[PDB]
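Asker: The structure that follows is given in the form of structure tokens.
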4 protein chains.
Amino acid sequence: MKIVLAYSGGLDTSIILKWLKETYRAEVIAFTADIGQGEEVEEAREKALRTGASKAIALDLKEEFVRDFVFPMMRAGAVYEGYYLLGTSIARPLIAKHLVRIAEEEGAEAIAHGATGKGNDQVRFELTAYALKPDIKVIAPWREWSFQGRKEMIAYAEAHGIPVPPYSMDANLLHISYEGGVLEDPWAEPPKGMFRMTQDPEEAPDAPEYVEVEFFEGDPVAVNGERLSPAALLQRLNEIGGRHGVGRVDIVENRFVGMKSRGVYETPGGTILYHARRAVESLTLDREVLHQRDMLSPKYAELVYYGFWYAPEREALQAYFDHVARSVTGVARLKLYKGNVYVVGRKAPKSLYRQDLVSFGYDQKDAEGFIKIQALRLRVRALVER
Amino acid sequence: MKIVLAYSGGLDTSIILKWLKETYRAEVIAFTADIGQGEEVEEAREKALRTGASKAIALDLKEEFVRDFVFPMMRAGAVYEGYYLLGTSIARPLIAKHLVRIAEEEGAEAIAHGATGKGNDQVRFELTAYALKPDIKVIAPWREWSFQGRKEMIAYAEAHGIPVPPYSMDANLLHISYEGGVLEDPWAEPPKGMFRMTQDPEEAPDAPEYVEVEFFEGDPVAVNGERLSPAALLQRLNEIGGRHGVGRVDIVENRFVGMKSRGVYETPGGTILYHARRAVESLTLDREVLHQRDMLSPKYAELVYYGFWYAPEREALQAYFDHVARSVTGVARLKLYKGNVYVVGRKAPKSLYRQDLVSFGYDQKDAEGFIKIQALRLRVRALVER
Amino acid sequence: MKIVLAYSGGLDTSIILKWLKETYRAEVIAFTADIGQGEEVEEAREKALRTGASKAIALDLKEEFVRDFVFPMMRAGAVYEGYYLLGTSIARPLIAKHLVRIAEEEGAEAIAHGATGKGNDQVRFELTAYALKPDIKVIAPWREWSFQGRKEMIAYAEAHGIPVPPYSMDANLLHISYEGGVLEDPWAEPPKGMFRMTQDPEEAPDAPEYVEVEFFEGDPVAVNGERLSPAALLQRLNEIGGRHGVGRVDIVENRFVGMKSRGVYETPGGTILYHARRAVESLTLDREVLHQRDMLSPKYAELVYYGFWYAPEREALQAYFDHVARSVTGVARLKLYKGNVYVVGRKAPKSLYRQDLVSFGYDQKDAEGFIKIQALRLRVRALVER
Amino acid sequence: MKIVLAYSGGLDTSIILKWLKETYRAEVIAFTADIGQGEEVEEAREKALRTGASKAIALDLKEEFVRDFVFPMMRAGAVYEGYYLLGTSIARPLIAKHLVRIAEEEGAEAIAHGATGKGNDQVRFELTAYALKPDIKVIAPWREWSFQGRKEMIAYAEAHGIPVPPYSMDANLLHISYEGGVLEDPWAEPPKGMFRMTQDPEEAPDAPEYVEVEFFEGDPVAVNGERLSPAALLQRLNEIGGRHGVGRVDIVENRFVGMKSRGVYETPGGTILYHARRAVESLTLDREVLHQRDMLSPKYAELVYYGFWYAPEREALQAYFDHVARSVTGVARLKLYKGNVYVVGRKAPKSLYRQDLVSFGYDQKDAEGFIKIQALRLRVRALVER
Ligand SMILES: Nc1ncnc2c1ncn2[C@@H]1O[C@H](COP(=O)(O)O)[C@@H](O)[C@H]1O
Ligand SMILES: Nc1ncnc2c1ncn2[C@@H]1O[C@H](COP(=O)(O)O)[C@@H](O)[C@H]1O
Ligand SMILES: Nc1ncnc2c1ncn2[C@@H]1O[C@H](COP(=O)(O)O)[C@@H](O)[C@H]1O
Ligand SMILES: Nc1ncnc2c1ncn2[C@@H]1O[C@H](COP(=O)(O)O)[C@@H](O)[C@H]1O
Ligand SMILES: N/C(=N\CCC[C@H](N)C(=O)O)N[C@@H](CC(=O)O)C(=O)O
Ligand SMILES: N/C(=N\CCC[C@H](N)C(=O)O)N[C@@H](CC(=O)O)C(=O)O
Ligand SMILES: N/C(=N\CCC[C@H](N)C(=O)O)N[C@@H](CC(=O)O)C(=O)O
Ligand SMILES: N/C(=N\CCC[C@H](N)C(=O)O)N[C@@H](CC(=O)O)C(=O)O
């Protein structure tokens, strides 16, 4: 039987490829997606073949990732529990999508992934798979094998000749996530030198740096006047924001499976894009549209976090967010300095701001009437209380 | 006829004090509240007497301000349009409340304030006034007078004996607001040296400073182990954060009155408290409670911003927020560095975090069933689309 | 100067026509719309010319009314304060839309309407007018003249040759509204004989009547197998629901301008449609989509009620509702009997219901896992309470 | 080993009692609760002993049911998916609460119930149990045993001495639920004579009946002037409403475990109470409070439906609803007639309604300013769209 494995190249997914051959005596098709992890995915592909894969596929999905997953999510202003910009979250749907497509192309029965039984990833992979191919068979080795502990897995690794070696990392174009190990104690600061995408604030330039991001109908299309594709644009902002230490988050979040866990994230480019968008929105979105939009963002955020990307409720909300984002066209000017992102300017060809309405269509006495009417129900209330 | 005026001691409320006397020929009781503007209010009380007030009152309302207004608001995680911590907004209700109490005490049928006809403050003072005493009369000189320029106001000031002297500011224990003049161009960065409460990040300490804030049942009670009263606590955090340049935001916001306005704010202490609270909340609040609470916060924020403090909607929402906030007990440890605030740790007596649930609360198979049930409707959907 | 008046042919708008001519020395162009009031609008168009209009326009807007206003609103499941199906609310935008178009075509700088200064209609008319043509001038005589009472208005009309003839009515294809007069006492049942669109349930047929309503992509397209245009369809359902006394509501509502008002409404066809729609949705909409949709309906309803039809917030929500409603294709079967409507059956081409899953893919063991995971956070909370 | 079983006295729970003793080599303590199912609970209690229970407990929980579960839910205006008044949903928590208490008193390590593995009840029972006593062991025979059909179940019972006897029913003081069998076809009207709690509208009195319900701080306290305890009050309204065939619902709902199912419900008393409460609320609740409250009700409804009664989200929302409900004091007057409930009058000690404001403080010109300000952002938008 054929099985398509989401293969990263790491120890665990390598142990999984061997485990699947041995346990299911199956023809394993390894799949590695280049989504900006900063690893030569071609090395993962050869290592998979070396580890026993009857086939290995490596694809550059950086553009699809940002264009079809990151951008739509950003248009919605999605933020989980106040700080998480969902770097790992929106990536999983993309990977499961291809796993399913590859399985259908290679006539494979099942697909497998290496997310553990304690997290959100397992849900994201599987909900995506079932939503796309309801008849698909899914295998989650972390839930199915008998290994108990790192020593056993390493022993098993060495036995099969698999290359063996504080926290665990998950990286892609949007961010790098860190959790586990020393990070499991919520009272303990992350260890110095852990971050990789972002330079330390204390080591960031002494001179602030200005950057401008242009948005067209809800999506960023240029940086400092240079038109850049979705992936190239995220990359560029990662470089600029990274040098300044921008986008570090440290939170204890609530997993979908029920328990809290301490996660640390660095999202330089995405963080710049979060504030740039709101800056352009401040001139281009209507007050009531904005207030409504912000009260829905958190719901869309948990949908992404839990793994309901290819789910009707998320696609429905997307219709709202996409409609609203269509008006977001303009430029945000931000000032980067030692870990912070400061909005310092913004402009738009169809700005709703009118200096003439605030400087010293507006008649001062209309305000009295507005106030009296707004006050009526409160006055009736007070009088009734006598 | 008696009129109680919200008197700050500035040129405008000074001009207003004279204007009221001439216009209404009423005795004016000047009221000056110390809410942390960093001004000697007795100086304003005496100047009010020199300007013609038949009675000048000055009260230290710092503790009432933080305890009965800033704290209840903070418990709700109130943030207007993404960044505004409502520094000016929660202050007006307090002032109006005293204006109405004093009018009742002095037998004054009317109150007056110096907010302009183009803004939010006018609504805040008046909705509060009418909500507390329905038949009170309110006079807003800015909406009633004839001055057609700043030049005319000063001439009137000099012609009357009032001392006369790029943007307008409003300061109190929570923040300092800056808007108008040079700030009316949303593409222009605020002028160098404008900020007064926070030190320029470029001139802030080279070594980060750690700070710990203790929360008890939703309100902050100690800083670095020192128990502090509400106003004392906010003051202490303003000093610590200010020294580091923390809490600066720049936005184009939507006034309740219809038009957009470019505002700049520095909220050092409040910004530290915002993040400290969420840090403690991450260990003490249930996932679902939190998610629901966060979707209501934006609504509570617009209520405070529009001026509906003493309104049934806000008091109802307050019951919800207060209920949830009651569990927020613990300590947040934050790191301050050149303009930025970083959560680096948190602990709590009744933390819901359990390392054993994440360390390598259910067994693997449980997750499989959870996923299958969660996936059911998506699979039926896919099948029907057959 | 020219003024386009929303003229219904009644006493008040006739008085208004005369009043406008003299007060503004203007040419008044009368506009009467047939939106299902059950009155020969041509008679109103002629009475206007007799009354002094320089031009009188009358249009059959029944189809545009149902297709472009009633249907989009019904797709959203809009219900104001638990019962009001907004019959008068969605009709005002339509009227004002034509007033502004006619004003433009005739070179008129202003439009006028006869809604009083204490209601919602004035807001709906003007918000629509201003939103479509920002510099249009609106004249609301009720807020400008000084008639001291009814007697005075009758004498004015008698003096102008206007024919002078216990509650006020507003009728159209969607419903008939009743309020004012004897209806002002919330404790008093409406008088017998008041209803006109519906038969007293006590006089309704002794046998129940079954009716089927087919929906296609969110809108009703057929009744009892007969395909019917929007307006013809609402009419047929009015006839059917009407004969049985269906659609009667009696509520005390909150007007946008601040005071409560007692209103009585009969919406036979719309009431059948409300339940028919939900019946088809019960087979075609996903659970999460439905739940989110229902939490937004109320907001949409107040938007309509207040008059924000041609408003970006409303249009944005409409994007969401339209997206969801595109899945609503199927047939609802209802049973009508003495005042009530009963859903007794429903079917759909792409129904999501599967008897497979309820009769004795699904494995009961999965339910245990689902339950354990959902319970984890509750159990942790319990252990911490200790 | 001791196991406390939710014992209804029926065939399946009797089979379960025998099954539990042998499978777990344990003694079973049967618990039967009278919650208004209209059965003699002492009969089930005696039968449990005859079936082998080591102890059988039967309690009258009618008052606790209505006072502590039904009323709190009603104050929230809870309605699931447009029509379900949650009759079975709110009863389960109460039952499980007692199972856990009895287990603790009897020193039993586990509890058991007879809900199936494909429904909602299992979740309600278990989430409740786990929330109250996290270490409790729950046994759900339907998800554990090996019976492969109804005939084998009958053979097992007949073999154990248990006596053996088109849809399934669940009845209590709030309603009677009907689902399964012939009701599984959503296009088929339910069978004649199926309803038990309500008289068919065709047979109901030709004379309408007026009923008055007095509310005090959110809860109903009297019917037609007669003060009644919670359970006696619900009983009374069931009798009155039942005679008139009030409260019948026919829906295809979404279960928490993922699939749709056709359910039929009769809730005579609860339906009168639903409309009675809203009638009193129309005079006692503020507009904004009401609108907010209605947007949260559906969320609370799904919580109850899913089984999250003793859950922090639900208790947090309850704080909101209870705050709001406290103003709900007054009397509702309804007209009952052949299946329908018509609100015909309402009054309250502190009614916020003022004939003052609608009859022909308020000055129409305030309305113009209100409208102008409300329209500003719309005019700005229009001008920009040019
Ligand atoms: N770039 C990728 N290509 C293919 N599969 C991936 C990729 N990144 C993650 N996965 C899968 O999802 C899991 C994610 O966990 P982790 O690598 O610890 O962050 C891995 O164990 C893989 O099975
Ligand atoms: N500390 C205070 N005491 C009394 N009235 C105040 C105080 N702060 C503000 N106000 C009132 O509210 C207005 C606020 O204006 P502004 O400072 O320009 O943003 C002043 O014109 C006063 O009438
Ligand atoms: N069919 C119609 N055509 C034109 N204007 C109308 C029509 N129906 C109502 N109006 C306008 O809106 C107001 C509605 O008032 P009313 O009937 O008292 O509820 C009238 O005073 C008219 O100015
Ligand atoms: N009055 C009651 N006393 C004790 N247990 C009950 C009672 N009503 C329901 N239950 C439990 O919940 C299930 C309810 O029945 P059903 O509606 O047939 O799925 C039974 O299998 C019992 O274990
Ligand atoms: N650490 C890791 N990746 C990423 C995550 C960031 C995060 N807290 C999230 O849920 O996105 N591996 C896990 C995370 C998880 O499922 O919670 C696993 O496979 O079990
Ligand atoms: N500048 C000033 N104070 C403060 C406020 C910050 C802000 N944008 C807010 O609404 O709180 N004066 C005004 C503000 C206003 O009313 O919007 C006035 O009286 O008109
Ligand atoms: N009675 C009338 N029409 C209709 C109304 C139904 C209702 N309560 C609504 O707001 O739609 N005329 C008024 C209503 C109002 O503006 O509230 C007026 O023009 O003054
Ligand atoms: N029919 C019955 N009881 C009640 C239900 C009304 C309903 N649709 C609801 O979920 O409350 N038995 C089931 C229902 C269920 O829990 O979904 C079972 O034990 O499996």
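Residues in the structure tokens are numbered from 1 in each chain, the chains being A, B, ... in the order shown, and ligands are numbered from 1 in the order shown.
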Find the residues near ligand 4. Use a cut-off of 6 Å, count only C-alpha atoms and all ligand atoms, and write them as a VMD selection string.

Answerer: chain D and resid 6 to 8 13 31 to 34 113 to 115 170

Asker: Could you turn the residues from that selection into a file that holds N, CA and C atoms, as an mmCIF file, in the first residue's frame?

Answerer:
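So out39.cif came out as:
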data_model
loop_
_atom_site.group_PDB
_atom_site.id
_atom_site.type_symbol
_atom_site.label_atom_id
_atom_site.label_comp_id
_atom_site.auth_asym_id
_atom_site.auth_seq_id
_atom_site.Cartn_x
_atom_site.Cartn_y
_atom_site.Cartn_z
ATOM 1 N N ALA D 6 -27.909 6.456 36.607
ATOM 2 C CA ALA D 6 -29.044 7.329 36.355
ATOM 3 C C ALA D 6 -30.061 6.316 35.841
ATOM 4 N N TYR D 7 -30.975 5.924 36.724
ATOM 5 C CA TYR D 7 -31.985 4.912 36.433
ATOM 6 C C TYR D 7 -33.390 5.469 36.228
ATOM 7 N N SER D 8 -33.908 5.322 35.017
ATOM 8 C CA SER D 8 -35.233 5.836 34.694
ATOM 9 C C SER D 8 -36.353 4.831 34.940
ATOM 10 N N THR D 13 -32.305 0.962 30.945
ATOM 11 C CA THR D 13 -31.540 1.231 32.157
ATOM 12 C C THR D 13 -31.605 0.023 33.091
ATOM 13 N N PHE D 31 -30.392 5.711 40.843
ATOM 14 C CA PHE D 31 -30.890 7.037 41.164
ATOM 15 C C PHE D 31 -31.938 7.429 40.145
ATOM 16 N N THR D 32 -33.146 7.682 40.635
ATOM 17 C CA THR D 32 -34.245 8.088 39.775
ATOM 18 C C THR D 32 -34.691 9.458 40.260
ATOM 19 N N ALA D 33 -34.846 10.385 39.331
ATOM 20 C CA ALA D 33 -35.254 11.731 39.691
ATOM 21 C C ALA D 33 -36.585 12.090 39.068
ATOM 22 N N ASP D 34 -37.455 12.691 39.867
ATOM 23 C CA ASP D 34 -38.726 13.140 39.338
ATOM 24 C C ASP D 34 -38.457 14.570 38.915
ATOM 25 N N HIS D 113 -24.762 6.112 32.949
ATOM 26 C CA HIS D 113 -25.985 6.624 32.366
ATOM 27 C C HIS D 113 -26.281 5.817 31.112
ATOM 28 N N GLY D 114 -27.514 5.906 30.634
ATOM 29 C CA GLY D 114 -27.897 5.161 29.452
ATOM 30 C C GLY D 114 -28.096 5.956 28.178
ATOM 31 N N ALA D 115 -27.395 7.075 28.029
ATOM 32 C CA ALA D 115 -27.517 7.877 26.810
ATOM 33 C C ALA D 115 -26.695 7.160 25.736
ATOM 34 N N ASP D 170 -38.658 12.060 25.352
ATOM 35 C CA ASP D 170 -38.009 12.500 26.577
ATOM 36 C C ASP D 170 -38.919 13.575 27.151
#

Asker: At a cut-off of 6 Å, which residues of chain C touch chain A? Count only C-alpha atoms and give the answer as number ranges by chain.

Answerer: C: 257-258, 288-289, 313, 319-320, 373, 376-377

Asker: Neighbours of ligand 7 within 6 Å, counting only C-alpha atoms and all ligand atoms, as a PyMOL selection string?

Answerer: chain C and resi 86+88-89+115-116+118-122+168+170+177+179+263

Asker: I need the strand (DSSP E or B) residues of range 83-118 of chain B per DSSP on the backbone, written as number ranges by chain.

Answerer: B: 84, 110-112

Asker: What does the distance from CA of residue 348 in chain D to CA of residue 219 in chain D come to in Å, to one decimal?

Answerer: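 Atom-to-atom, CA of residue 348 in chain D to CA of residue 219 in chain D, that is 13.9 Å.
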
Asker: Could you jot down the CA of residue 74 in chain B to CA of residue 218 in chain B separation for me, Å, one decimal place?

Answerer: 8.8 Å

Asker: Please report as JSON lines every residue of chain A lying within 12 Å of ligand 6, along with the nearest atom pair and their distance in Å (one decimal), using only C-alpha atoms and all ligand atoms.

Answerer:
{"residue": "A:357", "atom": "CA", "partner": "ligand 6", "partner_atom_place_in_ligand_line": "17 (O)", "distance": 11.6}
{"residue": "A:358", "atom": "CA", "partner": "ligand 6", "partner_atom_place_in_ligand_line": "17 (O)", "distance": 9.1}
{"residue": "A:359", "atom": "CA", "partner": "ligand 6", "partner_atom_place_in_ligand_line": "20 (O)", "distance": 10.6}
{"residue": "A:360", "atom": "CA", "partner": "ligand 6", "partner_atom_place_in_ligand_line": "20 (O)", "distance": 10.4}
{"residue": "A:364", "atom": "CA", "partner": "ligand 6", "partner_atom_place_in_ligand_line": "20 (O)", "distance": 10.8}
{"residue": "A:367", "atom": "CA", "partner": "ligand 6", "partner_atom_place_in_ligand_line": "16 (O)", "distance": 11.1}

Asker: Using N, CA and C atoms, can you export the residues from the last selection as a short mmCIF file (atom, residue, chain, number, x, y, z; two decimals), in the first residue's frame?

Answerer:
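Saved as selection_27.cif:
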data_model
loop_
_atom_site.label_atom_id
_atom_site.label_comp_id
_atom_site.auth_asym_id
_atom_site.auth_seq_id
_atom_site.Cartn_x
_atom_site.Cartn_y
_atom_site.Cartn_z
N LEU A 357 -12.42 68.94 8.38
CA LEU A 357 -13.47 68.58 9.32
C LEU A 357 -12.96 68.68 10.76
N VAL A 358 -11.65 68.82 10.92
CA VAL A 358 -11.08 68.92 12.27
C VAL A 358 -10.38 70.25 12.58
N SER A 359 -9.92 70.96 11.56
CA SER A 359 -9.21 72.21 11.80
C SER A 359 -10.10 73.36 12.26
N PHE A 360 -9.47 74.34 12.91
CA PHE A 360 -10.18 75.52 13.39
C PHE A 360 -9.78 76.73 12.56
N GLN A 364 -21.17 73.14 14.09
CA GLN A 364 -21.06 73.03 15.55
C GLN A 364 -22.41 72.79 16.26
N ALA A 367 -24.16 69.28 16.79
CA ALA A 367 -23.67 68.47 17.89
C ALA A 367 -24.60 68.49 19.10
#

Asker: Looking at D:131, D:171, D:344, D:240, which one is nearest to ligand 8, with distances taken over only C-alpha atoms and all ligand atoms?

Answerer: D:171

Asker: What lies within 8 Å of residue 204 in chain B using only C-alpha atoms, ignoring chain neighbours under 3 positions off, as a ChimeraX atom specification?

Answerer: /B:199-201,243-245,337-339

Asker: Mind pulling up the distance from CA of residue 173 in chain A to atom 4 (C, counted along the ligand's line) of ligand 5?

Answerer: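 Computing the Euclidean distance for atom 4 (C, counted along the ligand's line) of ligand 5 and CA of residue 173 in chain A yields 13.9 Å.
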